[PDB]
file upload_17.cif (mmCIF, C-alpha atoms (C1' of nucleotides))
data_my_file
#
loop_
_atom_site.label_atom_id
_atom_site.label_comp_id
_atom_site.auth_asym_id
_atom_site.auth_seq_id
_atom_site.Cartn_x
_atom_site.Cartn_y
_atom_site.Cartn_z
CA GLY A 53 -19.91 37.68 -17.18
CA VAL A 54 -19.23 41.41 -17.59
CA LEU A 55 -20.84 44.44 -16.03
CA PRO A 56 -23.57 46.09 -18.14
CA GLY A 57 -21.72 49.40 -17.90
CA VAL A 58 -18.60 47.69 -19.23
CA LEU A 59 -20.59 46.09 -22.06
CA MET A 60 -22.09 49.46 -23.03
CA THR A 61 -18.73 51.24 -22.81
CA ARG A 62 -16.48 48.72 -24.57
CA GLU A 63 -18.84 46.96 -26.97
CA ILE A 64 -21.83 49.18 -27.78
CA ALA A 65 -20.60 52.77 -27.58
CA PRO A 66 -17.71 52.47 -30.10
CA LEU A 67 -20.18 50.82 -32.49
CA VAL A 68 -22.42 53.90 -32.20
CA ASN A 69 -21.33 56.70 -34.54
CA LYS A 70 -22.55 59.51 -32.28
CA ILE A 71 -19.83 61.82 -30.97
CA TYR A 72 -20.96 61.77 -27.34
CA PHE A 73 -21.17 57.96 -27.40
CA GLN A 74 -17.49 57.68 -28.33
CA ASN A 75 -16.40 60.48 -26.00
CA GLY A 76 -18.28 59.18 -22.95
CA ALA A 77 -17.04 55.66 -23.62
CA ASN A 78 -13.70 56.78 -22.08
CA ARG A 79 -14.56 59.01 -19.08
CA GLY A 80 -17.59 57.16 -17.70
CA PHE A 81 -20.70 56.85 -19.88
CA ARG A 82 -22.90 58.46 -17.24
CA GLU A 83 -25.04 60.12 -19.92
CA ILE A 84 -26.53 56.77 -20.96
CA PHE A 85 -27.01 55.72 -17.32
CA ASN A 86 -28.66 58.85 -15.89
CA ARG A 87 -31.16 58.56 -18.78
CA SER A 88 -31.62 54.80 -18.98
CA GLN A 89 -35.36 55.49 -19.26
CA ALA A 90 -34.97 56.81 -22.81
CA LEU A 91 -33.31 53.55 -23.89
CA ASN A 92 -36.82 52.08 -23.67
CA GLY A 93 -38.49 55.13 -25.22
CA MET A 94 -40.17 55.74 -28.57
CA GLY A 95 -37.38 57.93 -29.91
CA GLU A 96 -34.12 57.83 -31.80
CA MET A 97 -31.89 56.69 -28.93
CA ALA A 98 -34.08 53.64 -28.26
CA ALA A 99 -34.07 52.73 -31.96
CA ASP A 100 -30.29 53.16 -32.07
CA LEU A 101 -29.89 50.87 -29.06
CA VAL A 102 -32.08 48.24 -30.74
CA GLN A 103 -30.05 48.56 -33.96
"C1'" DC B 1 74.95 -108.42 -15.52
"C1'" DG B 2 75.66 -105.52 -11.76
"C1'" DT B 3 75.91 -100.88 -10.09
"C1'" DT B 4 74.77 -95.73 -10.03
"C1'" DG B 5 72.63 -91.64 -10.95
"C1'" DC B 6 68.18 -89.61 -12.66
"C1'" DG B 7 63.37 -88.96 -13.15
"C1'" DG B 8 57.95 -90.12 -12.83
"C1'" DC B 9 54.11 -91.29 -9.20
"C1'" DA B 10 51.63 -90.93 -5.46
"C1'" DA B 11 50.97 -90.82 -0.62
"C1'" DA B 12 52.93 -87.69 3.29
"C1'" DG B 13 54.35 -83.52 5.19
"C1'" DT B 14 53.88 -78.62 5.91
"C1'" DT B 15 51.29 -73.84 5.71
"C1'" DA B 16 47.24 -71.43 5.30
"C1'" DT B 17 42.16 -70.13 5.88
"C1'" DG B 18 37.59 -69.92 7.21
"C1'" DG B 19 34.42 -72.48 10.76
"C1'" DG B 20 32.85 -74.12 15.90
"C1'" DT B 21 33.17 -74.31 20.99
"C1'" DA B 22 34.30 -73.65 25.93
"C1'" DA B 23 37.03 -70.32 28.76
"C1'" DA B 24 40.02 -66.65 30.06
"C1'" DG B 25 39.72 -61.79 29.88
"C1'" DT B 26 37.33 -56.85 29.68
"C1'" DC B 27 35.10 -53.35 31.25
"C1'" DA B 28 30.85 -50.23 33.16
"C1'" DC B 29 27.26 -50.01 37.05
"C1'" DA B 30 28.81 -46.95 40.35
"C1'" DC B 31 23.91 -38.77 39.82
"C1'" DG B 32 25.10 -36.65 35.57
"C1'" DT B 33 26.44 -34.32 29.33
"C1'" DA B 34 24.66 -30.84 26.70
"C1'" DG B 35 25.73 -25.87 27.44
"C1'" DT B 36 27.35 -20.82 26.20
"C1'" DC B 37 29.27 -16.62 23.94
"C1'" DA B 38 30.21 -14.53 19.25
"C1'" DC B 39 28.56 -13.33 14.97
"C1'" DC B 40 26.37 -9.83 11.27
"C1'" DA B 41 22.09 -8.95 8.35
"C1'" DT B 42 17.20 -7.39 8.21
"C1'" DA B 43 12.63 -5.35 10.14
"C1'" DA B 44 10.99 -1.65 12.73
"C1'" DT B 45 10.04 2.01 15.10
"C1'" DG B 46 10.70 6.64 16.95
"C1'" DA B 47 13.04 10.68 16.55
"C1'" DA B 48 15.54 14.33 13.48
"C1'" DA B 49 14.81 16.63 9.77
"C1'" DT B 50 13.38 17.97 5.38
"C1'" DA B 51 12.55 20.97 1.32
"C1'" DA B 52 9.23 22.86 -0.17
"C1'" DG B 53 5.03 25.21 0.74
"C1'" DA B 54 1.91 28.88 3.00
"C1'" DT B 55 0.86 33.05 4.66
"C1'" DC B 56 1.98 38.07 6.43
"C1'" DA B 57 3.67 42.44 5.64
"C1'" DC B 58 5.41 46.12 2.79
"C1'" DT B 59 6.44 48.81 -1.86
"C1'" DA B 60 5.59 50.29 -6.11
"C1'" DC B 61 2.81 50.68 -10.67
"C1'" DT B 62 -1.02 51.43 -13.35
"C1'" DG B 63 -6.35 51.01 -14.95
"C1'" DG B 64 -9.97 53.98 -14.55
"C1'" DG B 65 -15.56 55.80 -13.00
"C1'" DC B 66 -19.15 58.62 -10.15
"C1'" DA B 67 -21.72 62.65 -8.30
"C1'" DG B 68 -22.65 66.53 -10.60
"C1'" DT B 69 -23.08 70.25 -14.54
"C1'" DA B 70 -25.12 72.07 -18.82
"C1'" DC B 71 -27.59 73.20 -23.25
"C1'" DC B 72 -31.02 72.83 -27.10
"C1'" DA B 73 -34.79 72.50 -28.38
"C1'" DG B 74 -39.76 69.29 -29.15
"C1'" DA B 75 -44.10 68.59 -27.25
"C1'" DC B 76 -48.14 68.30 -24.21
"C1'" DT B 77 -51.06 71.11 -21.01
"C1'" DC B 78 -53.62 75.03 -19.79
"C1'" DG B 79 -54.45 80.40 -17.83
"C1'" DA B 80 -56.45 83.96 -20.06
"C1'" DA B 81 -58.88 85.81 -23.36
"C1'" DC B 82 -61.82 86.09 -28.24
"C1'" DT B 83 -65.67 85.19 -30.63
"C1'" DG B 84 -69.97 82.94 -32.62
"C1'" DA B 85 -74.78 80.39 -31.87
"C1'" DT B 86 -78.67 80.54 -29.06
"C1'" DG B 87 -83.17 80.28 -26.03
#

call {"tool": "encode", "arguments": {"input": "upload_17.cif", "output": "structure tokens"}}
result
Amino acid sequence: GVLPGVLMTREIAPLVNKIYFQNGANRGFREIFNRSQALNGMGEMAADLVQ
DNA sequence: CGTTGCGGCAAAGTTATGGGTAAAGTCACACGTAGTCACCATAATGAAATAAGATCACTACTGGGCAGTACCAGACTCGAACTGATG
């Protein structure tokens, strides 16, 4: 019952150790939204999201 | 024994009481008795009103994200050219 942006900002991003994750979790996590394609990619960000 | 007063005995006399029978009184039939306020509690609405409830409008306070900007490479693709085998 929460918005996916809210879930990413308040539940996922603090759990991610990356600096930009924590920083953008408090001014609008537009970095993870403008590049939502890479969340499904082969790379490190996709694997981090799965973890 | 003769007389006189006294007392028992049993009709006789006097009141009283509950019955019957003719005969003097008594009284309703005469259009008429029912009829009428006064009385205070209970149901029973209908109106008066509720006390709270419902919504509008305004004022102030405080979370807080989106369109846009920016870099640092890694990696695939391919002009343009080099160079070797060959019929």

call {"tool": "interface_residues", "arguments": {"input": "upload_17.cif", "of": "chain A", "to": "chain B", "cutoff": "12 Å", "atoms": "all atoms listed in the file", "output": "short mmCIF file (atom, residue, chain, number, x, y, z; two decimals) with C-alpha atoms, keeping the file's coordinate frame"}}
result
data_model
loop_
_atom_site.label_atom_id
_atom_site.label_comp_id
_atom_site.auth_asym_id
_atom_site.auth_seq_id
_atom_site.Cartn_x
_atom_site.Cartn_y
_atom_site.Cartn_z
CA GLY A 57 -21.72 49.40 -17.90
CA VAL A 58 -18.60 47.69 -19.23
CA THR A 61 -18.73 51.24 -22.81
CA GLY A 76 -18.28 59.18 -22.95
CA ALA A 77 -17.04 55.66 -23.62
CA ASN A 78 -13.70 56.78 -22.08
CA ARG A 79 -14.56 59.01 -19.08
CA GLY A 80 -17.59 57.16 -17.70
CA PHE A 81 -20.70 56.85 -19.88
CA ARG A 82 -22.90 58.46 -17.24
CA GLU A 83 -25.04 60.12 -19.92
CA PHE A 85 -27.01 55.72 -17.32
CA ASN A 86 -28.66 58.85 -15.89
CA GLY A 95 -37.38 57.93 -29.91
#

call {"tool": "resolve_selection", "arguments": {"input": "upload_17.cif", "expression": "the PyMOL selection byres ((chain A and resi 101) around 12)", "output": "ChimeraX atom specification"}}
result
/A:60,63-65,67-70,73,84,88,90-100,102-103

call {"tool": "atom_distance", "arguments": {"input": "upload_17.cif", "atom1": "CA of residue 87 (chain A)", "atom2": "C1' of residue 76 (chain B)"}}
result
20.3 Å

call {"tool": "atom_distance", "arguments": {"input": "upload_17.cif", "atom1": "CA of residue 71 (chain A)", "atom2": "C1' of residue 62 (chain B)"}}
result
27.8 Å

call {"tool": "axis_aligned_box", "arguments": {"input": "upload_17.cif", "around": "region 28-32 of chain B", "padding_each_side": "3 Å", "output": "lines of an AutoDock Vina configuration file"}}
result
center_x = 27.4
center_y = -43.4
center_z = 36.8
size_x = 12.9
size_y = 19.6
size_z = 13.2

call {"tool": "atom_distance", "arguments": {"input": "upload_17.cif", "atom1": "CA of residue 74 (chain A)", "atom2": "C1' of residue 74 (chain B)"}}
result
25.1 Å

call {"tool": "decode", "arguments": {"input": "upload_17.cif", "residues": "region 62-98 of chain A", "atoms": "C-alpha atoms", "output": "short mmCIF file (atom, residue, chain, number, x, y, z; two decimals), in the first residue's frame"}}
result
data_model
loop_
_atom_site.label_atom_id
_atom_site.label_comp_id
_atom_site.auth_asym_id
_atom_site.auth_seq_id
_atom_site.Cartn_x
_atom_site.Cartn_y
_atom_site.Cartn_z
CA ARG A 62 12.65 4.63 2.65
CA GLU A 63 13.24 0.87 2.61
CA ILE A 64 15.75 -0.05 -0.11
CA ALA A 65 18.10 2.92 -0.48
CA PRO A 66 19.25 3.13 3.19
CA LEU A 67 19.94 -0.62 3.02
CA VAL A 68 22.25 0.01 0.04
CA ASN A 69 25.74 1.07 1.12
CA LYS A 70 26.41 3.20 -1.96
CA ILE A 71 26.89 6.91 -1.27
CA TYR A 72 24.54 8.14 -3.99
CA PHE A 73 21.83 5.74 -2.81
CA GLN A 74 21.83 7.29 0.67
CA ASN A 75 22.18 10.86 -0.62
CA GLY A 76 19.39 10.59 -3.20
CA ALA A 77 17.13 8.89 -0.67
CA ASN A 78 16.52 12.39 0.81
CA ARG A 79 16.22 14.80 -2.16
CA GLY A 80 14.30 12.63 -4.62
CA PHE A 81 15.89 9.40 -5.87
CA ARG A 82 15.54 10.45 -9.50
CA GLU A 83 18.80 8.69 -10.40
CA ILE A 84 17.22 5.26 -9.90
CA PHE A 85 14.06 6.31 -11.76
CA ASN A 86 15.57 7.93 -14.87
CA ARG A 87 17.59 4.70 -15.28
CA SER A 88 15.04 2.09 -14.24
CA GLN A 89 16.16 0.10 -17.29
CA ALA A 90 19.47 -0.79 -15.64
CA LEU A 91 17.63 -2.29 -12.65
CA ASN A 92 16.81 -5.16 -15.04
CA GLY A 93 20.28 -5.19 -16.62
CA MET A 94 23.16 -7.64 -16.46
CA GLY A 95 25.35 -5.39 -14.33
CA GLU A 96 26.18 -4.50 -10.76
CA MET A 97 23.15 -2.29 -10.06
CA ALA A 98 20.74 -5.05 -11.09
#
